[PDB]
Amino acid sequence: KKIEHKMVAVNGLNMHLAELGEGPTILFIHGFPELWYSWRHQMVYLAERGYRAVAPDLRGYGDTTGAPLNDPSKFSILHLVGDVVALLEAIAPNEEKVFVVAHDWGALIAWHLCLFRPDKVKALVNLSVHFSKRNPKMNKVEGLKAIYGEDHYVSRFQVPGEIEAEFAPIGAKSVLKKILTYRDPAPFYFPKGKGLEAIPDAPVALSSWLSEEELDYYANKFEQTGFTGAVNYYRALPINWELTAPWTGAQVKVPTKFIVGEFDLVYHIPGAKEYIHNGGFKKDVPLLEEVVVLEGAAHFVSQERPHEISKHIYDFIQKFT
């Protein structure tokens, strides 16, 4: 079968869902600035091995409609997890628990899904973004700005309309190519009026995993939607920090596998390596398996290293039968 697409009404939205395969459900959750389509290789790989792969476009993305772009407060982590809970009630009504695979913002969503509703998740594979223990002193925006300054992407993303205007003359295709093909471990910088000039380019041979056709899929969609929906997730970081105070000291109790590329900027945030490998992570996530680091890979591991990711997913979820 080809991948099937449908619209599901969930939590105030009309959510686009891509689906392939039959059997136990695996929910795949994309990140920024991505789409359901970032899972193309894993959907096939898992569907051919007897699972039903389901991948939505998240709130503010792709073919998913109804979130108000003019109100970033509606892109909170609570809204996002609410979307996913309602989605699972709608599309997996006979499975008390499902498998979850996620990446980047999707992984953040998945960590909070597991915190808020562990009764819904059988096991989790999270890519790129490790569990973020809440810092009592300040929110993530302030934290990242203190380290990296005002041109850091998270900071430059804050005021609605600013980054959108930066990107407008550049076009979605160029913006996406630059981000998708990025390999340096530093965070992205977007100095005012300098467009993509502060982001270094890797040798072209290192992005042969992304075809022009695949790039165009993302470009065409973001050219229709713009970036506001996607960027709004970062604009909600300050409220997310306030709203998540009840979960200070709480542990994720779901069996978990975490995978990250060697060169992923997120993996090079100060303190991340130490949290991930030296025990902090395992204290917050007590059923965490040995962490996997993909040598020679950067952020977009599901597309860059499709076989490794697909197989890592299969071999983990096979442990639960």
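Residue numbers run from 1 along the displayed sequence.
A.B. asks: Between 261 to 269 and 30 to 38, which has the higher average C-alpha B-factor in the PDB entry?
C.D. replies: Here the higher of the two C-alpha B-factor means belongs to 261 to 269.
A.B. asks: Between 234 to 242 and 206 to 214, which has the higher average C-alpha B-factor in the PDB entry?
C.D. replies: In the deposited entry, the stretch with the higher C-alpha B-factor mean is 206 to 214.
A.B. asks: Please pick out which of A146, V81, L124, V175 has the largest Cα B-factor as recorded in the entry.
C.D. replies: Of the options given, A146 has the highest CA B-factor in the PDB entry.
A.B. asks: Going by the entry, which third of its chain does the Cα temperature factor of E166 land in?
C.D. replies: For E166, the deposited C-alpha B-factor lands in the middle third.
A.B. asks: Lowest, middle or highest third of the chain for the C-alpha temperature factor of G12?
C.D. replies: Its C-alpha B-factor, which the entry lists for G12, ranks in the highest third among residues of this chain.
A.B. asks: Determine, from the deposited record, the chain-internal third of the Cα B-factor for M43: lowest, middle or highest.
C.D. replies: It falls in the bottom third of the chain.
A.B. asks: Just say lowest, middle or highest third for the CA B-factor of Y61 relative to the other modelled residues in its chain.
C.D. replies: For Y61, whose C-alpha B-factor we compare with every modelled residue in the chain, the answer is the lowest third.
A.B. asks: Taking the entry's C-alpha B-factors for this chain, is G249 in the lowest, middle or highest third?
C.D. replies: Highest third.
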